[PDB]
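Participant: Take this structure first; my questions come after.
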Amino acid sequence: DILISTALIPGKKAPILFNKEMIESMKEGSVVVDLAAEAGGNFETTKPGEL
Amino acid sequence: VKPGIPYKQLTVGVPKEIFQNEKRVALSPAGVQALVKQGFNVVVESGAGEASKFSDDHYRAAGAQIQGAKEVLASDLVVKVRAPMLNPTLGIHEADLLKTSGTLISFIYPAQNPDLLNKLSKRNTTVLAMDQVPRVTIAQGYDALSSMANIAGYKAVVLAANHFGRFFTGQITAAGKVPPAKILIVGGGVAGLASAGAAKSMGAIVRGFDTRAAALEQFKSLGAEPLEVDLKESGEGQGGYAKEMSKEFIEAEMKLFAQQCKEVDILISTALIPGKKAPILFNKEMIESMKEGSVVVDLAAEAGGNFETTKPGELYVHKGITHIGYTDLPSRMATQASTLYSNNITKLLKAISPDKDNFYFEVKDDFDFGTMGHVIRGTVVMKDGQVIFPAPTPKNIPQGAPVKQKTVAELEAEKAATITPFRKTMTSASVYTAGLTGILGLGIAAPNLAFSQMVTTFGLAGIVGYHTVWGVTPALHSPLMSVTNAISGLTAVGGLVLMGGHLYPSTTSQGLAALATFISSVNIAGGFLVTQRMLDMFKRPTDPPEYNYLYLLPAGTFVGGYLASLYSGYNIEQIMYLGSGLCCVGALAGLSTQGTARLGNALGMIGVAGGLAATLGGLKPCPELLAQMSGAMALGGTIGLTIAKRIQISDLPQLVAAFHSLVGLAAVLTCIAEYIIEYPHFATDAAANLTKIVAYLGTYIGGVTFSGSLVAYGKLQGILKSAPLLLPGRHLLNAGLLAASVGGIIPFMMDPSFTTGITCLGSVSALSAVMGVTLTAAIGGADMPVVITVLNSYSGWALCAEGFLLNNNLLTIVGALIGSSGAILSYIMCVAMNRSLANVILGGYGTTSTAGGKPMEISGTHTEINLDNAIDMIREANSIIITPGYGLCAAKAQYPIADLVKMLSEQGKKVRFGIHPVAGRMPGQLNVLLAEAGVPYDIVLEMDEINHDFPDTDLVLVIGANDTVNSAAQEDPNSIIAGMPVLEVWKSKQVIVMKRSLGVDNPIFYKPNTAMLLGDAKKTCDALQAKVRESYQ
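So the sequence lines, in the order shown, correspond to chains A and B.
Counting from 269, one number per residue, gives the positions in the first sequence under PDB author numbering.
So the second sequence is residues 5 to 1003, 1009 to 1042, counted in PDB author numbering.
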């Protein structure tokens, strides 16, 4: 039910570890946390300045 | 005919939300499953759970139907989470859009909704009140205020975060110690306990306190620091509410809260006066007495708050201490809120009208306390305009008086507290002065120094025997009885020094001694066979290979050095008796480990070998006399060797009770034989009277052993009827036989006539046999094995009285060693139950803590389960404790339990067994039957260590046991079986009981967390075996 993405390689861009429909593949009410927000993010869709 | 109309004609309705910030839902899709499963029709609106993360397609596939909004509330039942108001979506009141005879179950509060009550009476609808459900135990399935309080407390402890700038738990790592926070739970109802559990899970230090005394107990039980005030007034608020005490308690609590207000940083206010405003527990300066960065949130945001400064709906800073004052905290958690609302509505409607396709819900206005009729009348507040809001009090007084029971631990504490400290020391000093004058009394009648030497070695061997058979692991008691019977065949030593003449006996005493050694070799061969057949069943397969053939080195050099010292002109037999006696002690001592058990049999075989070789070499036999001794002992070994390999281990106590009869017969025979061979030496012997008395006593003991053992064999096997048969005058008869055994010893001196002496010495075996039949027939097979161990004590003391007669140290050492083992097994099994020995032997009623009369009845209901719901309830669990009984293993039904354990343990479960010391007909029989089944001994526990490893268990399988799992034993002092220690099985959750049909019956049979099934334990068990194998594979 909860998903926290904190994956990031230092010095290069963080790999997108979540897809476009695999992110919507959770239930309606999912929580996707992207803790690599300054270095891009581990999702296929993540605006890094707003929830 | 029932007047309830069909539920298929009944239509429930879920309308949209018209109130501002109304985000929770009343019915889920899982909430749409039931009550359409119970029968009512369901029509749903378009937007109901989009904010609650519940799509309308899920309710459409769950059974609800897509309808409009005007025709949604205008159904046979209309369901909202709040009262109807002026719907600005439609522009009229929501009561103006429904049908006439509707069905209303929502938040009403009609004391605050009088105009809503008038608008409902104008619509002529029937309204049940969800808010007016009183605090009842049967209404515990539907407590909407309690679940709303729990959800609001969890959301409040959640909203504590993102307001506090420090970590909640705090750790001491290697960068700086993070101090934990101090949270103040001001006001503990249900939400106080819920938020306290959420904070204690989070890691904070909670110090909540409340005016209610039960709230302080619950706060300490959750683990908070219960703060106290100085003005200890009476705790107001009887009846499930909170009232106002004096102003002294208010000022003391205000001072205490202001003092701790400088100590804590989190302020959670959850106190509320019922029907009145919130009591002001935080003033301006009393709130300003906190540090900066603090947070004060109040759960009573609707009816004001306990803070003097509170903005209802905001997040105001207000000079640093941010008063978190949002008013809809639980509305923001609409998923679990709607889930609990649907669960409460289902638990209400399950008792509101319990009929399939029929619904009347006729309320009773008789006002019976505890009744669901009075709870329904309090719930149903309007009936087509007829207001039932002002309700009358209940006529009964259910759940209103503290008459709780007092346990039998308290009564035994009282019977220990009725003894002044003078009488404890007085009784102890009386026992010691009786013992010391008994030692002097044995000193006065001593004829020579040989008897003093034998008394000294007898007493010291008795203390070794007392001290070494408490040492054994209680899983190995069932080999211990067989080891002591194998050692008990050393009365052949009593035969061999008497056996004489030629290869055929000359005199009659030589014939009797030949009979004694012949029926005593049987004990040795059969006992060591059943011992090593039994110890080779506790062996796990994944152990290293134990080589045992290299124990012929100590035995070989032991008897080889003895025979070399025999052919060297030496004499070692007085030291060989020490060697065999210490090997017989090490037989019982070395088996106290479960890992070195095989040495504990090898030392016994060395001991018996060295003992018989020493006594045989210590009388110089001529080479034709030795052939008869070898032939007689070899025939006895042949018989005992060929019978103890053709019996299954379930038939063991018959064999052990036969071996004790043989030991008693051998002792009587060698006693009479030694009296007959030593008659013409009754002039020149100072110890002649002493050996005459010791002959009499050994005759008495052996005869009682013989008769009681063969009657015990008859009652165990099934030959005699297992019921405790009666004799009309027994106590005068048993007292008469005992007094005749005492009175026979008086004419047994004063006449050295052989014709009188032998005829009054052989008339003692008869009296012993008659009293043994009289004291063994009237026992009862349920408390059987205490009389199979008391006979073991009698055989050991028969060997002790033999050793005092033949002047032999080996016999006295092993006699004390066997007798103390028998008495300790009888004591550990009399204290397994709680009956004393004198209440067992000469008849008695009940336990030793019951008193008076009237064993109490306990009511309750049943819960039947099939095989499929049994395996459905097993298949989840991860920690299972099985308590098998004797009706399991003696019904040839332990092999499916064995491979059930074998199949469940390899899938990640934790299967353990739990064993009680009277489950069986021998001490420790159930351990060896479970090891016969093929179970490793790392999962078989005993009672004293599994008993507090029940509450963290998912599942308990109770299989064929009644008295060891009763609940009347601990709580009910009237009961028959009270005070008996017992497995606390009713601190688990799901208890499968397998027995024949039905039931003083056990209260676990009616306690509602028990999920029992039916059938024969073989059939239920192996059907469950086949389902376990066909379910997973």
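The beta-carbon is built from N, C-alpha and C at its ideal position, and this holds for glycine as well.
By Cβ distance, which residues of its chain are closer than 7 Å to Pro-184/B, with the 5 residues on each side in sequence left out?
Facilitator: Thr-173, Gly-174, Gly-207, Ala-208 and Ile-209
Participant: List the residues of chain B whose Cβ lies closer than 9 Å to the Cβ of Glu-292/A, in chain order.
Facilitator: Near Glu-292/A there are no residues of chain B at all, since even the closest Cβ is about 14 Å away, more than 9 Å.
Participant: Note down, one range per segment and in chain order, each beta strand (DSSP E) of at least 3 residues found wholly within the stretch 41-76 of chain B.
Facilitator: 45-48
Participant: Just how far apart, CA to CA, sit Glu-306/A and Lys-281/A?
Facilitator: 10 Å
Participant: Tell me whether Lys-351/B sits in a helix, a strand or coil according to DSSP, three-state version.
Facilitator: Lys-351/B falls in the helix class under three-state DSSP.
Participant: Residues in the same chain with beta-carbon distance under 8 Å from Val-379/B, minus the five sequence neighbours each way, listed in chain order, please.
Facilitator: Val-137, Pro-138, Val-140, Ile-142 and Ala-143
Participant: Given a limit of 9 Å on CB to CB distance, which residues of the stretch 273-297 of chain A reach chain B?
Facilitator: Flagged, chain order: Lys-295, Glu-296 and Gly-297.
Participant: Taking 9 Å as the cut-off, decide whether the C-beta atoms of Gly-608/B and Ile-491/B are in contact.
Facilitator: Yes.
Participant: DSSP three-state call for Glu-312/A: helix, strand or coil?
Facilitator: Reduced to three states, the DSSP call for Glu-312/A is coil.
Participant: To be precise: take each residue of the stretch 332-363 of chain B, compare its Cβ to all Cβ atoms of chain A, and keep it if any distance is under 9 Å. Which residues remain?
Facilitator: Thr-339
Participant: Using a cut-off of 7 Å between C-beta atoms, extract the partners of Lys-57/B located in chain A.
Facilitator: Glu-296 and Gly-297
Participant: Hey, quick one: how far does the alpha helix (DSSP H) through residue 1005/B stretch, first residue to last?
Facilitator: Residue 1005/B cannot be located in this model; chain B continues from 1003 straight on to 1009.
Participant: Would you grab the beta carbon distance between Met-134/B and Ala-148/B for me? Rounded to a whole angstrom, and I think it's under 8 Å.
Facilitator: 5 Å
Participant: Do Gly-706/B and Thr-488/B count as a contact pair if the criterion is CB distance below 9 Å?
Facilitator: no
Participant: In three-state terms, what does DSSP make of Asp-234/B?
Facilitator: coil
Participant: Are the beta-carbon atoms of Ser-757/B and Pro-859/B separated by less than 9 Å?
Facilitator: no
Participant: Tell me whether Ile-272/B sits in a helix, a strand or coil according to DSSP, three-state version.
Facilitator: strand
Participant: What are the boundary residues of the alpha helix (DSSP H) that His-471/B is part of?
Facilitator: From DSSP, the alpha helix (DSSP H) with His-471/B extends over 453-472.
Participant: Using alpha carbons as the reference points, say which of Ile-272/B, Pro-230/B, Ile-579/B and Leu-344/B lies closest to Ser-199/B.
Facilitator: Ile-272/B
Participant: Pull up the distance between the alpha-carbon of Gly-583/B and that of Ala-520/B, whole angstroms please.
Facilitator: Roughly 24 Å between the two C-alpha positions.
Participant: Taking the beta carbon of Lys-323/B as the centre, do at least 16 other beta carbons fall within 10 Å, making it buried, or is it exposed?
Facilitator: exposed
Participant: In chain order, what residues of the same chain have a beta carbon less than 7 Å from the beta carbon of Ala-662/B, not counting five sequence neighbours either side?
Facilitator: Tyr-717
Participant: Quick one: using the 10 Å Cβ neighbour count with 16 as the cut-off for buried, is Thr-709/B buried or exposed?
Facilitator: buried
Participant: Along the chain, where does the alpha helix (DSSP H) containing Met-633/B start, and where does it finish?
Facilitator: 629-647
Participant: Please return the same chain residues whose Cβ sits closer than 6 Å to the Cβ of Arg-127/B, not counting the five positions on each side in sequence.
Facilitator: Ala-99
Participant: State the start and end residues of the unbroken beta strand (DSSP E) segment that holds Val-915/B.
Facilitator: Here the beta strand (DSSP E) through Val-915/B covers 915-918.
Participant: Using DSSP with H/G/I as helix, E/B as strand and the rest coil, what is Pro-7/B?
Facilitator: coil
Participant: Given a cut-off of 9 Å, decide if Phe-562/B and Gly-614/B are closer than it, judged by their beta-carbon atoms.
Facilitator: yes
Participant: Is the stretch 942-954 of chain B touching the stretch 980-997 of chain B, taking contact as three or more C-beta pairs under 8 Å?
Facilitator: yes
Participant: Among residues of its own chain, excluding the 5 on either side of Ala-648/B, which ones have a beta-carbon nearer than 6 Å to its beta-carbon?
Facilitator: Excluding residues within five positions, the ones whose Cβ falls inside 6 Å are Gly-530, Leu-533 and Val-534.
Participant: With three or more beta-carbon pairs closer than 8 Å as the criterion, would you say the stretch 1014-1022 of chain B touches the stretch 987-1000 of chain B?
Facilitator: They touch, by the three-pair rule.
Participant: What does the alpha-carbon distance come out to for the pair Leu-741/B and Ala-699/B?
Facilitator: 19 Å
Participant: Measure the C-alpha to C-alpha separation of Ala-256/B and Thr-339/B and round it to an integer number of angstroms.
Facilitator: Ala-256/B and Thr-339/B: Cα-Cα distance of roughly 42 Å.
Participant: Under the three-state reduction of DSSP, which class applies to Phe-213/B: helix, strand or coil?
Facilitator: Here DSSP, grouped into helix, strand and coil, assigns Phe-213/B to strand.
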